[PDB]
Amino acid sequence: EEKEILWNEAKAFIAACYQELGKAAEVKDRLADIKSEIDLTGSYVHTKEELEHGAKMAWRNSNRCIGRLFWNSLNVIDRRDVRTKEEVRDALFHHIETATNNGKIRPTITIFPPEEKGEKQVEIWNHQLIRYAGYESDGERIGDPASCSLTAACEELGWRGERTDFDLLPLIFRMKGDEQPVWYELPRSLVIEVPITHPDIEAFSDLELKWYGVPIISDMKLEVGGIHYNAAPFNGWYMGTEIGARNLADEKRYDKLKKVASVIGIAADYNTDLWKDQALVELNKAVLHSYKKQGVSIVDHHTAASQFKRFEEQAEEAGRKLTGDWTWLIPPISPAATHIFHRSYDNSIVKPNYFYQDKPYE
């Protein structure tokens, strides 16, 4: 019905992939074998080398990612062999442990079986594997507002949170052929967390802030040569502004800037005092200090943009077009102090790539 879309994606991908692996001679025979396989079966199966390089290409093509200099060192874990809930659960546990690496974070992706002919083999409900619950009741707000809808789905299924501001959500996923997902609590031994302190202001610890070490995005689809890997969680390390300027600062997230102003001893009364700006800087200083003192990988937005400049230079030196989303590449703190702010970027979509997909809860 729709097999030729798959076949053409497969030609573009195999051509480009082998080219770069210095293997263009093997292309003609590999496309033959693929053409056979699609006719008989309706799909094809990537080699380990094709899958690893495809997931690396997909990171290199992610327009919104400032961290792409390191695209070629992605650790790719091939879990297309899993068939049971316990195997999925244990592969997700293993990803956390091996990506964390005692604080010296390793960018890692774990790839589960792809969609067969539209049908998902495994459907992950978490937005990240490690994330905090959020609650809204009696006009009383607890934890992370961005997690309210998933937290309510989890509690229909029999999970119950302690209603701290930092409850760890359970892993939640559904297998092909079950009506309902299963959930598993995270073993705390697997989860590194960082208390937020400030290098100079001893009272900052009175805020009792913390964040988790590793962001493991678990709800995006990886597409490589026409095959759709809807379950393929991946992680880098944080850039500090993600925690200090957004997760802990936004009014619709933890909304901590007024409390920060008070502990650093400035008034939060007049826009012209730039008290929100000053609080943002001190919170973001505290976040970088805290991760570094605990030995957990993190990058500041200036170093990150320096790395991205080198990515842009490599792309040219290799003859590849650069694509990028200016509105996501600029950092939310001092953007005009980076080179990114002062140039433009072509936002075209190149494949392999990571894509959004509809959430299964509401």
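Note that the rigid core is defined as the largest set of C-alphas that superpose within 1.5 Å between two forms. Residues carry their position along the shown sequence, with the first being 1.
J.: Which of the two stretches, 65-73 or 32-40, moves more in 5 other deposited structures of this protein when the core is held fixed, judged by C-alpha RMS distance?
T.: Output: 32-40, the stretch lying farther off on average in 5 other deposited structures of this protein.
J.: Mean C-alpha B-factor higher for 118-126, or for 136-144?
T.: Comparing 118-126 with 136-144, the higher average CA B-factor belongs to 136-144.
J.: Per the entry, where is the mean C-alpha temperature factor higher: 305-313 or 43-51?
T.: That would be 43-51.
J.: Would you mind checking which of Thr151, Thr241, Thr272, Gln180 has the top Cα temperature factor in the PDB entry?
T.: The C-alpha B-factor peaks, among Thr151, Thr241, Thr272, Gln180, at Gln180.
J.: Thinking about Cα B factors across the chain, which third does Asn247 belong to?
T.: Lowest third of the chain for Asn247's C-alpha B-factor.
J.: Should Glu97 be placed in the lowest, middle or highest third of its chain by the C-alpha B factor in the entry?
T.: Within its chain, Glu97 is a lowest-third residue by C-alpha B-factor, going by the deposited values.
J.: Please place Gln294 in the lowest, middle or highest third of its chain according to the CA B-factor in the PDB entry.
T.: Highest third of the chain for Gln294's C-alpha B-factor.
J.: Classify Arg64 as lowest, middle or highest third according to the C-alpha B-factor given in the PDB entry, relative to its own chain.
T.: It falls in the bottom third of the chain.
J.: Determine, from the deposited record, the chain-internal third of the Cα B-factor for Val287: lowest, middle or highest.
T.: For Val287, the deposited C-alpha B-factor lands in the lowest third.
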